[PDB]
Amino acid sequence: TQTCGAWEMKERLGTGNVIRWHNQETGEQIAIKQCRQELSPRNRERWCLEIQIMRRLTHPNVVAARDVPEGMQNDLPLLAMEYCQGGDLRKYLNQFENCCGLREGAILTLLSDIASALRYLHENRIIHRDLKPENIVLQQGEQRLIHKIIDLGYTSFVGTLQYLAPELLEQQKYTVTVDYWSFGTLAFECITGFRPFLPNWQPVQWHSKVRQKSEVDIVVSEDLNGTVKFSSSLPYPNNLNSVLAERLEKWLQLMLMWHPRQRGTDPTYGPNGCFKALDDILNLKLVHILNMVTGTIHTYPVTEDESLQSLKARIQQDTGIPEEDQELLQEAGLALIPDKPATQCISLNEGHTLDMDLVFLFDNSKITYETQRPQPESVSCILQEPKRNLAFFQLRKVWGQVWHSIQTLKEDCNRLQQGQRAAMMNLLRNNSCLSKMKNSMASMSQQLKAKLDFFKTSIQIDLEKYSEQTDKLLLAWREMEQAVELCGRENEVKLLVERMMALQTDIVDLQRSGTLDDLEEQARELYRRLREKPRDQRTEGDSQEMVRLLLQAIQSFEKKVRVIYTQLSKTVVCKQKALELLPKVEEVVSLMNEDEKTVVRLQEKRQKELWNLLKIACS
């Protein structure tokens, strides 16, 4: 469609226009901003000034300027930039599985990358003014997706106002705190899936309502009825952990602050201390413990110095399980190493979650495990009245939330299976040593039976041929014979082989044996269809089909969870029996070893006593 030697023109990246160019020879990719339009002298200057700013700036989180390919013939120059393979953040936010916000890993890398870029811009005295998901592009790094800032210019109308700091509608002059507002609204949208303050509301009405919020309010929303509610708390559903939700909630209060001068001011780090505040949150080292007793995830911020014993004492307060009874296991069934620090649980990209470095907690005191999430306000609201007609935009929100609820049921249920598999892995690892010991015991018993048989044969000859050639020796030898009768732990080994054999049966029955996975795929496809519905077909309707799926998923979940706990309590009773048998086997192998030592000595002594007879006779 257009070429420049090896440089061939590709698809439009967005709208003058931005188009991708690919080098046929090197495989190199570039983005070119072009204007075929005729501009006013001020906007002409504005265009040139941007190319100049870009050429000056150099940062890992700011799109790099590139040379315009030689021979790339309005009169205004082109803006050649690096091509970011990941695409814009709006595209990511629009992925159907991100309707209720992005994953935890994706949020931490966003926050980090955009805070670092904003810091560079502001220190080089560049104020963005139009920061939004459309102005954030993702580049493919070596191990993760890197967020970069674009458009450093120097629904439709209501659309443009969506990330603007309130002062911008009110006055002319502004400060860096305009970019805090934008970063905060943006960040919130990535956590929750929607903007903090009454999205798509008309400016006059928006301004009048949001003005009324308190210093601690980070969300102003309209329910289905349509009550406007203000909140200090980060909304649910979100894919963040307990601690991160709590800590990002308070950081957002700094950023979504109505007061323009007070915005970004940290109580510790003073004005513009919002970047140092986030640094603390991002540098936190978190440990996630799943209490198998209750099924709740406990998150603990740990220090590099913090010992496993300190963490155990902290788990103790939230679970009621004493340090001594705490069995802490990981994915593969290994118990946590006490010499090592609490940070041992920690194993950083967009695919990072709490599930990655998750530890499963079991109570050694428990013999049996009895089975023990609250859906958002809008979901429980539609559960009560599923036949209610909702406008398409309202349908889109509750359906995404219902789908998210089911995904959570599925994910929650799989974490419990992972916990049961960790306990099974530990059991199989113990059963392995138990088998290795059983075989040694079996082998030692057979070797002992053999040596005893041989000694019994040997001594019988020696007793016969002695009496034939006619004291203290005869009585001593007869004691040797009755003494070796008492050793041999055949009957004790017998019983332990029965137990060890009966145990391995229960274990093979445990390892030798969904709809909840299916109900999620059903809900996902139903939500997919709603969002892929043509604009003319977007009308009013019921949530009957969706609410049907959630109820079936709840029912399926509790049924599936019952079975997980039945197998867990079966696994733990096997683990007990195993731990009970190990010393019993060890003890019998010890006894047998002494029996062998005794047979060996008694044989050596008798032989030496016979050569002694031959001495006396040789004189």
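Start at 1 with the first residue shown and count on from there.
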> Counting only residues of the deposited sequence, how many between residue 347 and residue 348 have no atoms in the entry (none, 1 to 3, 4 to 9, 10 or more)?
Replying inline: 1 to 3
> In the deposited sequence, how many residues between residue 470 and residue 471 have no modelled coordinates (none, 1 to 3, 4 to 9, 10 or more)?
Replying inline: 4 to 9
> 137 to 145 versus 194 to 202: which one carries the higher mean Cα B factor per the record?
Replying inline: 137 to 145
>> Please compare 582 to 590 with 52 to 60 and say which has the higher mean C-alpha temperature factor in the record.
In response: 582 to 590
> Out of 227, 241, 262, 432, which residue has the highest Cα temperature factor in the PDB record?
Replying inline: 432
> Which listed residue, 104, 324, 545, 412, has the largest C-alpha temperature factor in the record?
Replying inline: 324
> Against its chain's modelled residues, does residue 570's Cα B factor rank lowest, middle or highest third?
Replying inline: middle
> Lowest, middle or highest third: where is residue 357 by Cα B-factor in its chain?
Replying inline: highest
> Can you tell me which third, lowest, middle or highest, the CA B-factor of residue 534 falls into for its chain?
Replying inline: highest
>> Among the modelled residues of this chain, does the Cα B factor of residue 66 put it in the lowest, middle or highest third?
In response: lowest
>> Sorting by Cα B-factor within the chain, modelled residues only, which third would residue 31 end up in: lowest, middle or highest?
In response: lowest
